Amino acid sequence: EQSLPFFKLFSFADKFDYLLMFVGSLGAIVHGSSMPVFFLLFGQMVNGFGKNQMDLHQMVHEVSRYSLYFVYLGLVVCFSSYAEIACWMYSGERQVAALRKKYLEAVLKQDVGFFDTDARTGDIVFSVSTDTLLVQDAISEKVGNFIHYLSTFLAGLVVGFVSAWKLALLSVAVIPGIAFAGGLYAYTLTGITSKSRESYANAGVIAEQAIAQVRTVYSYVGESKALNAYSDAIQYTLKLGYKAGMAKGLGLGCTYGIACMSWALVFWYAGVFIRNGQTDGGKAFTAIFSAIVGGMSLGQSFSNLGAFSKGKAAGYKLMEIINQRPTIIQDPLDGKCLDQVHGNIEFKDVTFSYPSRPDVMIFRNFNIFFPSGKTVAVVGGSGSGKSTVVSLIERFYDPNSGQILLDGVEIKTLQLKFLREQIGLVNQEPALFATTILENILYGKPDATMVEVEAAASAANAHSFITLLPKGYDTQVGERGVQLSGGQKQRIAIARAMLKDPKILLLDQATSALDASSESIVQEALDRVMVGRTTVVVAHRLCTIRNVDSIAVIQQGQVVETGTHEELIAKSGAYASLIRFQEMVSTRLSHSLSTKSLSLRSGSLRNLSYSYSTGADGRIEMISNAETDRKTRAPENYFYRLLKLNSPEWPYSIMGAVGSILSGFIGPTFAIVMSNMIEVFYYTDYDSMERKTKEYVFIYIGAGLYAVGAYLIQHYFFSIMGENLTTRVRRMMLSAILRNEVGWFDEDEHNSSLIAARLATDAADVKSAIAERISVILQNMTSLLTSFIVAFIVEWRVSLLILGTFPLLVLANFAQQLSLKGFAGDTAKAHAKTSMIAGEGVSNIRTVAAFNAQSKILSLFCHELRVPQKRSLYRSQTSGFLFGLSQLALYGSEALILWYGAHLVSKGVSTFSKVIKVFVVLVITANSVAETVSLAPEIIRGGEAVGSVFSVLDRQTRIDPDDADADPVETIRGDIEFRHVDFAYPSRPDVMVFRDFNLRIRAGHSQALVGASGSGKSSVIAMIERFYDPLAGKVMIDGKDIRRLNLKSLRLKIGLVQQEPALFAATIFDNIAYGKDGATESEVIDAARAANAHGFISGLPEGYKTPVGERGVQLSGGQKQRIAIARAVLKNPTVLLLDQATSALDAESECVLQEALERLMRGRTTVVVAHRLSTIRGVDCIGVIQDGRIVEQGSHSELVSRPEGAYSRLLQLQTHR
Ligand SMILES: Nc1ncnc2c1ncn2[C@@H]1O[C@H](COP(=O)(O)OP(=O)(O)OP(=O)(O)O)[C@@H](O)[C@H]1O
Ligand SMILES: Nc1ncnc2c1ncn2[C@@H]1O[C@H](COP(=O)(O)OP(=O)(O)OP(=O)(O)O)[C@@H](O)[C@H]1O
Ligand SMILES: [Mg+2]
Ligand SMILES: [Mg+2]
């Protein structure tokens, strides 16, 4: 959408922020112009240390002077890298933490009708969680990196064009020659990676179907050919992944092969310009290296323009609510204030519709009257808009035509602090703000005294239940410290709505907890608060309204009938149908936020996003998404187990380890040939310098072709090894998911959107954990090792001093690589406790706006943004000082080497080019050792969260489909028998749907398990085949227990017909031959014409070939049912299972079932459940299930012969349509 400029993000800056962005913008320019000044001091040293080869007294006075200028260069990098980190991290905190205080003043003052849960308070909650962390990413510390490397470019050219300006043009013209082939590489690597993501989605839905339809893959045993259709469509991503390793070996060989053919260009013309008497060996070392590392420092300034475009998109969404004008506002002077109220509410000619869609008309000419000191009741039987009345006295909306008089005074002339001070609200599942249970009661009144809080808790049946809690009125209700965790809460709103002492009380449908004798406790507590108050009762069910003096009824836009409950039961006017209807009878925001966090979590950093959940019933819980540190949960032997799985490719690891050592010979050979030409440039024999610099250019060219052939071996191999592992792992993951029990799939984090991406993202990052972390170890440890053997043959007295310094030269190059990604780690973890206070002052704003609790959600937020500011003051002063102090041991220790080397030459021990060769080789080596120790924790710290997918391999199923020590099944005649069995669901173990259940189904009979409004009726077929095991008891089948048999050899002769039949994405020739392996045309045509649909199946364009499940032709609910019966007649089972429930007919003119329900049962033992009391006249036997028991058994001549029982009550519901 629209976007702000890059400025106006700095509009929350006070006068102390214009001082930290000025001291912190001299620290970014002085630290920038220090690497092109290091090349000016190290260049002028070599002129003093190497022109004086004949006078060893002029040497020592000109190396002792320039090695004092490195200690002076250290103190200017120490005190100016301190000033760009300690001043841009703390000034980027104080600006975003005053954006949070004005965005929350803005989102507490908009109208309450703005938040109607229609993905509106799932965007406000997301904009306070993540859009505020994108402004802080953009303006804090990636602005210091923008000024640092831009001024390294501008200072790298001025040092370059002053020393030697001809060599500063040959070294800049080379830079397009390197960035072209280093940028054309990155184009042709995304062109393979994007085709890999495209060629995977053919196999991305075959894994997806077998998880979301797992009950059908088990009943028809085809869990061994959901692998063979998944092991074929991965073989086109393996082969396309072989040529994304060759396009990297040719992309790094031909990028290191042009740079090596460009040091042969700049060091040949330097050898011509010295012989002409124009330069020397220190003005040319300066000019070449200052213009190369200066021009390369524009790839790091422009790397920050990606975060600068996220911080302008996110920052506009926040800045369009901060200055948004609401409608229903407070006027402190243009608003009256009455006294001695009485509570006479009257809607005089009010019409109103919700502003989400003005098409409907809820309140067409609405007219009521609420007396003083009395009780009323507003009741309906459908969506009549009776909860809208209590959502309109609060002024959450406006009546767009009409007026509302309070004691004859219009409420639009009263401000919104006198109206809401006299009205108290109680609503559904009341707001429990995550504080103690003294602070929640003190929202109705802030502080009067202590004894009134106990007095309000006394007359609510609330005093005893907070004294059987071993803490003194101080209990965490948000987190489960001490659990008042009953479904019957104490409705502590009633404790709030008594301490406030309102004159008008707006109750609501407060029977929403499956009411019983437990919920009758607060029923009389409501009868002890509705005294002397003009209260209303919005009643959902009429069973609790039966003692109310006056009741009004609305049906369509207006009131219909009023009066007491004697003429209400009389005359049958629009109330007798409602009492007939009484006889015949959040966790969603977390799914909205995580899918909004989906497709925005592969590009965004893991320390900048969240992951959402439900938590307890106190708040929405936010995990900082850098939980990989606190998890630390992989097996201790995970690195050997991923090598045992990756062994058949042992030739493709030996032939890549003689390609990773040969790449470690290119680095330490560049630093020998380049440090042999510093020596040669100080010759005075201008013909023996020409013929010895032709032989140092030919090495640069000949080893610029060695680099092409030694990165093609390292990266074509180790990609054959690493793409036969992510193919082998994904097959071992799907073959282990489709072996677990059914109840494992029923949980909330095992749905088919977080479990089919673990095979797509968490299974393809095992390549960069055991193949791309060996290639950069064999390479970097044969470069460290070949440069401590050469450098102890040349000279061992200087290189033993560098060996004692070497922990300090690798610690300074380790801090220079953490600074490319910033020193303000995991910034989403400190801003998690502060965000949940805004994350529940928005989703509970219907109770925040009531009680006038708006100035307390803001003072629990300004008083609690002080914790991440003292965490970001101590972290910026420390990390900014330890960075600059470790840059002082990098320049103050290269001045100890070059001084001790100059002392050996003047005593006649060493020579020139024995100190420079030892210096250049052992310093460039130190820049590679601090890359190996940067990936050193992740090898120990369990890989990471994506390399920790062993929980699908190392997991023990409860129901094992295949056993060797199990009896094989040859014939089941059908002997279904249930012994004393009770059962519950593992997803919710409190409900006890079965209680000593018993059946006995003889062979050659049927069964007609009755509806009974869902008394556990579609759970008997879920134990005939083991979708769930019982808690206690035995399931008897063929005179044997069911937990003794080969499960795969039992499910191929028990075939069900699903509740809502689903079809795979294929033709109607596989979906009618998935129930029998090997049938082609012989019994397939006959399997059509048994539940026939033959004109439906011959009337079709390509014969029996059309996609019907996904991305194909659409069928109806009556025709999909016809296909699933064709499976069950092709398979020809012995035990048949049917399942129909909860209005699943979905088609008038019922003929899709009447043909199949009588032909199919002629030789089988069938079990039939149907929710309607029609077409269920199975004349063998019929039983009734109630609360986990059978109550009556016998055919349909001993079932209606009893006068009532329980069956004839259901016979009354036949005429109740
Ligand atoms: N944000 C909204 N947009 C459109 N329609 C709404 C919105 N909120 C509520 N409604 C409608 O208002 C009606 C309110 O019905 P009613 O007053 O009888 O309350 P209820 O359905 O008994 O109880 P509850 O309000 O708890 O569902 C609903 O049928 C619903 O369709
Ligand atoms: N996997 C499950 N998860 C949660 N609750 C279940 C599960 N299976 C059964 N139940 C509970 O047990 C009862 C099952 O009754 P049954 O499924 O036989 O018919 P039904 O519930 O009327 O049909 P439907 O399940 O299609 O609504 C339901 O009320 C449900 O609350
Ligand atoms: Mg509703
Ligand atoms: Mg159900």
# chains A, B, ... in the order shown; residues from 1 in each chain; ligands from 1
call {"tool": "residues_near_ligand", "arguments": {"ligand": "ligand 2", "cutoff": "6 Å", "atoms": "only C-alpha atoms and all ligand atoms", "output": "list in words"}}
result
residues 1013, 1014, 1015, 1016, 1017, 1018, 1019, 1141 and 1142 of chain A
call {"tool": "write_last_selection", "arguments": {"atoms": "N, CA, C and O atoms", "output": "mmCIF file, in the first residue's frame"}}
result
data_model
loop_
_atom_site.group_PDB
_atom_site.id
_atom_site.type_symbol
_atom_site.label_atom_id
_atom_site.label_comp_id
_atom_site.auth_asym_id
_atom_site.auth_seq_id
_atom_site.Cartn_x
_atom_site.Cartn_y
_atom_site.Cartn_z
ATOM 1 N N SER A 1013 -29.304 -37.545 19.831
ATOM 2 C CA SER A 1013 -28.754 -36.180 19.782
ATOM 3 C C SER A 1013 -27.236 -36.136 19.973
ATOM 4 O O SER A 1013 -26.690 -35.129 20.431
ATOM 5 N N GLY A 1014 -26.539 -37.212 19.623
ATOM 6 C CA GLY A 1014 -25.095 -37.232 19.749
ATOM 7 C C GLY A 1014 -24.604 -37.677 21.109
ATOM 8 O O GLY A 1014 -23.764 -37.011 21.722
ATOM 9 N N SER A 1015 -25.119 -38.802 21.595
ATOM 10 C CA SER A 1015 -24.667 -39.380 22.860
ATOM 11 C C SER A 1015 -23.535 -40.377 22.636
ATOM 12 O O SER A 1015 -23.591 -41.528 23.069
ATOM 13 N N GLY A 1016 -22.485 -39.924 21.955
ATOM 14 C CA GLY A 1016 -21.380 -40.786 21.597
ATOM 15 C C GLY A 1016 -21.749 -41.816 20.550
ATOM 16 O O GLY A 1016 -21.400 -42.991 20.692
ATOM 17 N N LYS A 1017 -22.458 -41.401 19.497
ATOM 18 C CA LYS A 1017 -22.919 -42.369 18.510
ATOM 19 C C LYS A 1017 -21.912 -42.634 17.397
ATOM 20 O O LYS A 1017 -21.854 -43.769 16.910
ATOM 21 N N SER A 1018 -21.115 -41.650 16.974
ATOM 22 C CA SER A 1018 -20.073 -41.990 15.996
ATOM 23 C C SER A 1018 -18.730 -42.215 16.682
ATOM 24 O O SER A 1018 -17.723 -41.575 16.384
ATOM 25 N N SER A 1019 -18.731 -43.146 17.635
ATOM 26 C CA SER A 1019 -17.510 -43.600 18.278
ATOM 27 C C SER A 1019 -17.485 -45.106 18.475
ATOM 28 O O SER A 1019 -16.533 -45.615 19.073
ATOM 29 N N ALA A 1141 -24.604 -38.605 10.374
ATOM 30 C CA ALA A 1141 -24.891 -37.831 11.577
ATOM 31 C C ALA A 1141 -24.936 -36.347 11.247
ATOM 32 O O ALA A 1141 -24.285 -35.889 10.303
ATOM 33 N N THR A 1142 -25.706 -35.610 12.062
ATOM 34 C CA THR A 1142 -25.735 -34.139 12.127
ATOM 35 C C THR A 1142 -26.062 -33.481 10.786
ATOM 36 O O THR A 1142 -25.310 -32.617 10.323
#
call {"tool": "residues_near_ligand", "arguments": {"ligand": "ligand 1", "cutoff": "6 Å", "atoms": "only C-alpha atoms and all ligand atoms", "output": "number ranges by chain"}}
result
A: 116, 356, 382-388, 540
call {"tool": "residues_around", "arguments": {"residues": "residue 860 in chain A", "least_positions_apart": "4", "cutoff": "9 Å", "atoms": "only C-alpha atoms", "output": "PDB file with N, CA and C atoms, in the first residue's frame"}}
result
ATOM      1  N   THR A 834       5.727  -6.472  27.665  1.00  0.00           N
ATOM      2  CA  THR A 834       5.078  -5.182  27.452  1.00  0.00           C
ATOM      3  C   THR A 834       3.981  -5.286  26.403  1.00  0.00           C
ATOM      4  N   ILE A 837       0.354  -6.707  27.568  1.00  0.00           N
ATOM      5  CA  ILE A 837      -0.523  -5.749  28.228  1.00  0.00           C
ATOM      6  C   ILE A 837      -1.328  -4.976  27.192  1.00  0.00           C
ATOM      7  N   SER A 855      -7.204   4.722  31.911  1.00  0.00           N
ATOM      8  CA  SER A 855      -5.996   5.331  32.448  1.00  0.00           C
ATOM      9  C   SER A 855      -5.219   4.396  33.364  1.00  0.00           C
ATOM     10  N   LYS A 856      -5.560   3.105  33.383  1.00  0.00           N
ATOM     11  CA  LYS A 856      -4.794   2.113  34.118  1.00  0.00           C
ATOM     12  C   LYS A 856      -4.136   1.077  33.226  1.00  0.00           C
ATOM     13  N   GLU A 864       6.096   0.128  32.757  1.00  0.00           N
ATOM     14  CA  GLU A 864       6.659  -1.178  32.469  1.00  0.00           C
ATOM     15  C   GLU A 864       7.382  -1.222  31.127  1.00  0.00           C
ATOM     16  N   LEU A 865       7.473  -0.095  30.418  1.00  0.00           N
ATOM     17  CA  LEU A 865       8.500   0.092  29.397  1.00  0.00           C
ATOM     18  C   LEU A 865       9.827   0.558  29.982  1.00  0.00           C
TER      19      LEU A 865
END
call {"tool": "residues_around", "arguments": {"residues": "residue 456 in chain A", "least_positions_apart": "6", "cutoff": "9 Å", "atoms": "only C-alpha atoms", "output": "PyMOL selection string"}}
result
chain A and resi 441+462-463+494-499
call {"tool": "write_last_selection", "arguments": {"atoms": "N, CA, C and O atoms", "output": "tab-separated table (two decimals), in the first residue's frame"}}
result
chain	number	residue	atom	x	y	z
A	441	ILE	N	-10.55	-6.96	41.09
A	441	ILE	CA	-11.73	-6.46	41.78
A	441	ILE	C	-11.68	-4.93	41.89
A	441	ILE	O	-12.72	-4.26	41.87
A	462	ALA	N	-18.22	-15.43	47.05
A	462	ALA	CA	-16.87	-15.27	46.57
A	462	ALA	C	-15.82	-15.17	47.66
A	462	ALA	O	-14.63	-15.14	47.34
A	463	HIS	N	-16.22	-15.12	48.94
A	463	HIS	CA	-15.24	-14.98	50.00
A	463	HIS	C	-14.57	-16.31	50.34
A	463	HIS	O	-13.36	-16.35	50.55
A	494	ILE	N	-19.26	-9.87	39.00
A	494	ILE	CA	-20.28	-9.56	40.01
A	494	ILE	C	-19.63	-8.94	41.24
A	494	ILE	O	-20.23	-8.10	41.92
A	495	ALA	N	-18.37	-9.29	41.52
A	495	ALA	CA	-17.64	-8.59	42.57
A	495	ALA	C	-17.20	-7.21	42.12
A	495	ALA	O	-17.15	-6.28	42.94
A	496	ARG	N	-16.89	-7.04	40.83
A	496	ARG	CA	-16.64	-5.71	40.29
A	496	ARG	C	-17.92	-4.88	40.25
A	496	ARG	O	-17.93	-3.72	40.67
A	497	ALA	N	-19.02	-5.47	39.75
A	497	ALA	CA	-20.28	-4.76	39.59
A	497	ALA	C	-21.05	-4.56	40.90
A	497	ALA	O	-22.20	-4.12	40.86
A	498	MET	N	-20.47	-4.89	42.06
A	498	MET	CA	-21.01	-4.46	43.34
A	498	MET	C	-20.17	-3.38	43.99
A	498	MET	O	-20.71	-2.46	44.60
A	499	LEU	N	-18.84	-3.47	43.86
A	499	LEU	CA	-17.95	-2.44	44.38
A	499	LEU	C	-18.13	-1.12	43.65
A	499	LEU	O	-18.00	-0.05	44.26
call {"tool": "residues_around", "arguments": {"residues": "range 9-17 of chain A", "least_positions_apart": "2", "cutoff": "10 Å", "atoms": "only C-alpha atoms", "output": "list in words"}}
result
residues 4, 5, 6, 7, 19, 20, 21, 22, 87, 88, 90, 91, 92, 94, 95, 96, 97, 98, 99, 102, 135, 136, 138, 139, 311, 312, 315, 316 and 319 of chain A
call {"tool": "closest_atom_pairs", "arguments": {"of": "range 740-851 of chain A", "to": "range 637-646 of chain A", "cutoff": "9 Å", "atoms": "only C-alpha atoms", "output": "Markdown table"}}
result
| residue | atom | partner | partner_atom | distance |
| --- | --- | --- | --- | --- |
| A:766 | CA | A:642 | CA | 8.6 |
| A:769 | CA | A:639 | CA | 8.7 |
| A:770 | CA | A:642 | CA | 7.3 |
call {"tool": "residues_around", "arguments": {"residues": "range 912-915 of chain A", "least_positions_apart": "4", "cutoff": "7 Å", "atoms": "only C-alpha atoms", "output": "PyMOL selection string"}}
result
chain A and resi 50+679+794-795+901+919
call {"tool": "select_by_dssp", "arguments": {"residues": "range 991-1207 of chain A", "states": "strand (DSSP E)", "output": "PyMOL selection string"}}
result
chain A and resi 994-1000+1008-1009+1035-1037+1040-1041+1054-1056+1135-1137+1165-1169+1183-1186+1189-1193
call {"tool": "residues_around", "arguments": {"residues": "range 954-959 of chain A", "least_positions_apart": "5", "cutoff": "10 Å", "atoms": "only C-alpha atoms", "output": "PyMOL selection string"}}
result
chain A and resi 635+736-737+739-744+949+1026-1029+1043+1047
call {"tool": "write_last_selection", "arguments": {"atoms": "C-alpha atoms", "output": "tab-separated table (two decimals), in the first residue's frame"}}
result
chain	number	residue	atom	x	y	z
A	635	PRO	CA	20.03	-35.85	20.87
A	736	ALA	CA	6.86	-42.61	10.37
A	737	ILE	CA	4.01	-40.09	10.39
A	739	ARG	CA	2.31	-45.20	11.38
A	740	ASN	CA	1.21	-43.31	14.52
A	741	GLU	CA	-2.18	-43.55	16.23
A	742	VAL	CA	-5.15	-41.50	15.05
A	743	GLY	CA	-5.41	-39.42	18.24
A	744	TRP	CA	-1.93	-38.03	17.61
A	949	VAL	CA	13.43	-33.16	13.59
A	1026	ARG	CA	-8.36	-49.55	16.14
A	1027	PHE	CA	-8.47	-45.82	15.68
A	1028	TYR	CA	-8.47	-45.58	19.50
A	1029	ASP	CA	-7.79	-48.06	22.26
A	1043	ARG	CA	-5.05	-56.18	20.54
A	1047	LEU	CA	-3.79	-54.74	12.05
call {"tool": "closest_residue", "arguments": {"among": "A:381, A:1033, A:1103, A:182", "to": "ligand 3", "atoms": "only C-alpha atoms and all ligand atoms"}}
result
A:381
call {"tool": "select_by_dssp", "arguments": {"residues": "range 76-312 of chain A", "states": "alpha helix (DSSP H)", "output": "VMD selection string"}}
result
chain A and resid 76 to 85 93 to 106 124 to 129 131 to 139 144 to 163 167 to 170 174 to 179 184 to 200 206 to 212 214 to 219 235 to 242 246 to 253 256 to 259 263 to 273 283 to 295 307 to 312
call {"tool": "closest_residue", "arguments": {"among": "A:75, A:469, A:738, A:574", "to": "residue 224 in chain A", "atoms": "only C-alpha atoms"}}
result
A:738
call {"tool": "closest_atom_pairs", "arguments": {"of": "range 459-528 of chain A", "to": "range 411-422 of chain A", "cutoff": "9 Å", "atoms": "only C-alpha atoms", "output": "JSON lines"}}
result
{"residue": "A:500", "atom": "CA", "partner": "A:422", "partner_atom": "CA", "distance": 8.1}
{"residue": "A:501", "atom": "CA", "partner": "A:422", "partner_atom": "CA", "distance": 7.8}
{"residue": "A:502", "atom": "CA", "partner": "A:422", "partner_atom": "CA", "distance": 4.8}
{"residue": "A:503", "atom": "CA", "partner": "A:422", "partner_atom": "CA", "distance": 5.6}
{"residue": "A:504", "atom": "CA", "partner": "A:422", "partner_atom": "CA", "distance": 6.4}
{"residue": "A:505", "atom": "CA", "partner": "A:422", "partner_atom": "CA", "distance": 8.5}
call {"tool": "write_last_selection", "arguments": {"atoms": "N, CA, C and O atoms", "output": "PDB file, in the first residue's frame"}}
result
ATOM      1  N   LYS A 500     -18.448  -1.168  42.346  1.00  0.00           N
ATOM      2  CA  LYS A 500     -18.737   0.049  41.589  1.00  0.00           C
ATOM      3  C   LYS A 500     -20.019   0.718  42.073  1.00  0.00           C
ATOM      4  O   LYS A 500     -20.130   1.949  42.024  1.00  0.00           O
ATOM      5  N   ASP A 501     -20.964  -0.077  42.595  1.00  0.00           N
ATOM      6  CA  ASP A 501     -22.320   0.284  43.004  1.00  0.00           C
ATOM      7  C   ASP A 501     -23.041   1.049  41.895  1.00  0.00           C
ATOM      8  O   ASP A 501     -23.234   2.265  42.014  1.00  0.00           O
ATOM      9  N   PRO A 502     -23.449   0.393  40.812  1.00  0.00           N
ATOM     10  CA  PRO A 502     -24.133   1.109  39.734  1.00  0.00           C
ATOM     11  C   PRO A 502     -25.594   1.366  40.072  1.00  0.00           C
ATOM     12  O   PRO A 502     -26.170   0.783  40.993  1.00  0.00           O
ATOM     13  N   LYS A 503     -26.190   2.272  39.301  1.00  0.00           N
ATOM     14  CA  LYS A 503     -27.627   2.496  39.373  1.00  0.00           C
ATOM     15  C   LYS A 503     -28.353   1.771  38.246  1.00  0.00           C
ATOM     16  O   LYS A 503     -29.543   1.462  38.371  1.00  0.00           O
ATOM     17  N   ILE A 504     -27.640   1.464  37.164  1.00  0.00           N
ATOM     18  CA  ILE A 504     -28.144   0.660  36.057  1.00  0.00           C
ATOM     19  C   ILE A 504     -27.198  -0.521  35.891  1.00  0.00           C
ATOM     20  O   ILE A 504     -25.977  -0.336  35.820  1.00  0.00           O
ATOM     21  N   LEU A 505     -27.746  -1.732  35.840  1.00  0.00           N
ATOM     22  CA  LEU A 505     -26.936  -2.945  35.749  1.00  0.00           C
ATOM     23  C   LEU A 505     -27.327  -3.709  34.492  1.00  0.00           C
ATOM     24  O   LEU A 505     -28.484  -4.107  34.337  1.00  0.00           O
TER      25      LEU A 505
END
call {"tool": "closest_residue", "arguments": {"among": "A:1090, A:1012, A:457, A:1151", "to": "ligand 4", "atoms": "only C-alpha atoms and all ligand atoms"}}
result
A:1012
call {"tool": "atom_distance", "arguments": {"atom1": "CA of residue 310 in chain A", "atom2": "CA of residue 146 in chain A"}}
result
15.8 Å
